[PDB]
Amino acid sequence: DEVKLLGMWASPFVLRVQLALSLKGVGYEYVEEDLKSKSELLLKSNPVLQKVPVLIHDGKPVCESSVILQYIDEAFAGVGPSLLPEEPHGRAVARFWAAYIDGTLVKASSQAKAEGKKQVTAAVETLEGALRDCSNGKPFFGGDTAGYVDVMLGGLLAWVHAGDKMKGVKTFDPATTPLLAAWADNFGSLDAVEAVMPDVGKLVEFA
Amino acid sequence: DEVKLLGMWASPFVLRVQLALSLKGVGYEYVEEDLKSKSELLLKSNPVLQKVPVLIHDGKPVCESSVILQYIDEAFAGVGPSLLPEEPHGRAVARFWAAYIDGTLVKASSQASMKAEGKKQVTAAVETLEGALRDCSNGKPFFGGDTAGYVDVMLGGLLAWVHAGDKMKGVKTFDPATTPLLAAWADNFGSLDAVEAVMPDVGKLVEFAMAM
Ligand SMILES: CC1=C[C@H]2O[C@@H]3[C@H](O)C[C@](C)([C@]24CO[C@@]1(O)[C@H]4O)[C@]3(O)CSC[C@H](NC(=O)CC[C@H](N)C(=O)O)C(=O)NCC(=O)O
Ligand SMILES: CC1=C[C@H]2O[C@@H]3[C@H](O)C[C@](C)([C@]24CO[C@@]1(O)[C@H]4O)[C@]3(O)CSC[C@H](NC(=O)CC[C@H](N)C(=O)O)C(=O)NCC(=O)O
Ligand SMILES: CC1=C[C@H]2O[C@@H]3[C@H](O)C[C@](C)([C@]24CO[C@@]1(O)[C@H]4O)[C@]3(O)CSC[C@H](N)C(=O)O
Ligand code: NA
Ligand code: NA
Ligand code: NA
Ligand code: NA
Ligand code: NA
Ligand code: NA
Ligand code: NA
Ligand code: NA
């Protein structure tokens, strides 16, 4: 398609890029990376970090899921809806919660063991507040349609579901964070999301 | 037209915001926060993280230095030069190197500052950033070209904190012998009037570092 994703099926960072491409309806070639013996194309395309996702558009590689999400938004502006808000302030809000998901939630969630689990439920509690304040009674961070923040968090949903099914816990417990519980179901049930969301059972085996 | 910056004189993250405002020529109110006893305005403006910088433009706060730089770029468009490249690819390169400075260089120099292992990672990251400069600059003085751009400000924000460390240690982080492009860059960016106007006294930074 002249759009190539260097991927790994179990990565939430790769799932972010798949979700962004799917929501717009941009076609792409998926290439599965073996991260134990990395491809020539991966090592040439991301020489500094050697991680997936990499998006290659028209010979030019793009690295880091949040950078890729923004790239997609700028380069495919005329194809399907935008993830980023139109106005500077709304964009600043979206990038803030993007930074928080990666800098706070993922630092804690990857670390989660007891002490890490204290930080995870604190970060989830904050994200319940983010959703109430961003959404304004609408289903998503982006409003009536899924936006940047929804994709950054939505990318981690299968990872979160697998973790939950292993432990016997709900990260998005309806008793504690009802808005996030409903959001996981609403985002999860989008046709564009269901088309790329990996089987949870398969994730569990991998981990 | 009200720009208030909730700052701390020793923060490289704050100095990023000052650099961007200075390079554009946007006026702002600098407010020095005490991070030991945080103000009511800081606690209300950044309720989730309680960190400086916060930029308040017409009553609306913005948090996280890299987010703030991009906001200024979007909100003050055609006041002075833009920090971000025009084309999506060049912006993706600029955002990549921004993420690398925060995620790799700063993570390593904090681990160095709290020793050999961290010194391996700092040297490694500076080496990589020599390559970023060669590839980004295209024979011009800066990452953003003939004028400073986003990457120059993200790295430029750490120059005071680098120079104090270097002053106390007797070492160059941007050593001419090992990263000559970065050494020339540090001198070029540091000699800009817009940079010089907000660059803290090294001697006061030395003392502050020495306390920690
Ligand atoms: C929350 C969470 C989920 C897990 O998902 C995958 C797996 O289940 C374990 C794993 C380590 C973690 C464990 O915790 C995780 O944070 C994560 O890291 C995982 O491999 C990560 S994905 C492969 C990885 N890529 C990135 O890190 C990209 C990050 C980049 N900032 C982006 O945004 O583009 C890579 O390529 N590593 C190099 C190599 O493996 O050789
Ligand atoms: C390289 C480096 C320099 C030092 O600079 C300042 C000081 O010299 C010591 C200090 C801790 C370090 C020590 O090593 C440093 O990494 C950093 O950590 C320092 O206080 C940091 S600035 C104040 C801090 N802000 C942020 O962290 C914002 C980051 C955010 N991602 C952004 O981008 O907005 C805050 O507001 N903290 C709240 C509280 O103090 O309660
Ligand atoms: C007296 C002060 C002046 C003022 O100058 C610059 C700017 O306008 C805001 C700033 C933070 C201050 C705020 O009050 C200050 O103390 C200083 O901290 C500043 O970036 C300092 S850089 C330059 C100078 N070498 C220094 O270190 O003083
Ligand atoms: Na952070
Ligand atoms: Na909010
Ligand atoms: Na909408
Ligand atoms: Na300039
Ligand atoms: Na606020
Ligand atoms: Na960035
Ligand atoms: Na990084
Ligand atoms: Na300039």
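Chains as they are written, first to last, in the deposited numbering: chain B, 7 to 118, 127 to 221; chain A, 7 to 120, 127 to 224. Built from N, CA and C at the ideal position, the CB exists for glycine as well.
By Cβ distance, which residues of its chain are closer than 6 Å to residue i, with the 5 residues on each side in sequence left out?
| i | result |
| --- | --- |
| residue 122 of chain A | Structure remark: chain A lacks residues between 120 and 127, so residue 122 of chain A is without coordinates. |
| B:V174 | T185 |
| B:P18 | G169, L170 and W173 |
| B:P153 | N200 |
| B:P188 | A195 |
| A:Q117 | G130 |
| A:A221 | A176 |
Per DSSP, residue i is paired with what?
| i | result |
| --- | --- |
| B:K50 | Its beta-bridge partners do not exist; DSSP assigns none. |
| A:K216 | The partner list for A:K216 (beta bridge, DSSP) is empty, contrary to what the question assumes. |
| A:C69 | A:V60 |
| A:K179 | None, per the DSSP bridge assignment. |
| B:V163 | Beta-bridge pairing links B:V163 to no other residue. |
| A:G13 | A:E38 |
Would you mind working out which of the options sits nearest residue i, comparing C-alpha positions?
| i | options | result |
| --- | --- | --- |
| A:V99 | B:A118, B:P91 and B:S72 | B:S72 |
| A:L47 | A:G33, A:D158, A:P67 and A:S28 | A:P67 |
| A:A81 | B:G96, B:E80 and B:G156 | B:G96 |
| B:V9 | B:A176, B:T190, B:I62 and B:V165 | B:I62 |
| B:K57 | A:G156, A:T135, A:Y106 and A:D40 | A:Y106 |
| A:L27 | A:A223, A:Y162 and A:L217 | A:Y162 |
| B:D205 | B:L29, B:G130 and B:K181 | B:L29 |
| B:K44 | B:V60, B:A160 and B:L217 | B:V60 |
| A:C69 | A:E129, A:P53 and A:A128 | A:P53 |
| A:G65 | A:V112, A:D108 and A:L12 | A:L12 |
| B:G31 | B:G202, B:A118, B:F201 and B:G86 | B:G86 |
| A:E35 | A:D7, A:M120 and A:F220 | A:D7 |
| A:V23 | A:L49, A:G33, A:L55 and A:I74 | A:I74 |
Would you say residue i faces chain A, with C-beta separation under 8 Å as the test?
| i | result |
| --- | --- |
| B:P18 | no |
| B:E80 | yes |
| B:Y34 | no |
| B:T191 | no |
| B:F155 | no |
| B:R97 | yes |
| B:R101 | yes |
| B:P87 | no |
| B:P91 | no |
| B:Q133 | no |
| B:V73 | yes |
| B:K66 | yes |
At the level of alpha carbons, what is the spacing between residue i and residue j?
| i | j | result |
| --- | --- | --- |
| A:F155 | B:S51 | 20 Å |
| A:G157 | A:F102 | 17 Å |
| B:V165 | A:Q76 | 20 Å |
| A:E38 | B:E92 | 32 Å |
| A:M14 | A:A160 | 23 Å |
| A:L41 | A:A223 | 15 Å |
| B:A128 | A:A144 | 40 Å |
| B:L49 | A:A104 | 21 Å |
| A:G84 | A:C148 | 23 Å |
| A:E219 | A:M180 | 9 Å |
| A:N150 | B:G151 | 49 Å |
| A:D108 | A:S115 | 10 Å |
Is there at least one Cβ from chain B nearer than 8 Å to residue i's Cβ?
| i | result |
| --- | --- |
| A:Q56 | no |
| A:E70 | yes |
| A:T140 | yes |
| residue 2 of chain A | Chain A is shown from 7 up to 224; residue 2 of chain A falls before or after that span and cannot be answered. |
| residue 126 of chain A | Coordinates for residue 126 of chain A are absent, as chain A skips straight from 120 to 127. |
| A:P94 | yes |
| A:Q117 | no |
| A:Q76 | yes |
Just to confirm my understanding: we take residue i, look at its own chain, exclude 5 residues before and 5 after, and list those with CB closer than 8 Å. What are they?
| i | result |
| --- | --- |
| A:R146 | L193 |
| B:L217 | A16, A172, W173, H175 and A176 |
| A:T110 | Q133, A137 and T140 |
| A:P212 | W15, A16, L21 and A172 |
| B:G182 | none |
| B:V112 | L170 |
Going by beta carbon distance, what residues of the same chain come within less than 7 Å of residue i, once the five residues before and after it are set aside?
| i | result |
| --- | --- |
| A:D79 | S88, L89 and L90 |
| B:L25 | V165, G168, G169, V207 and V210 |
| B:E142 | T191, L193 and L194 |
| A:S119 | none |
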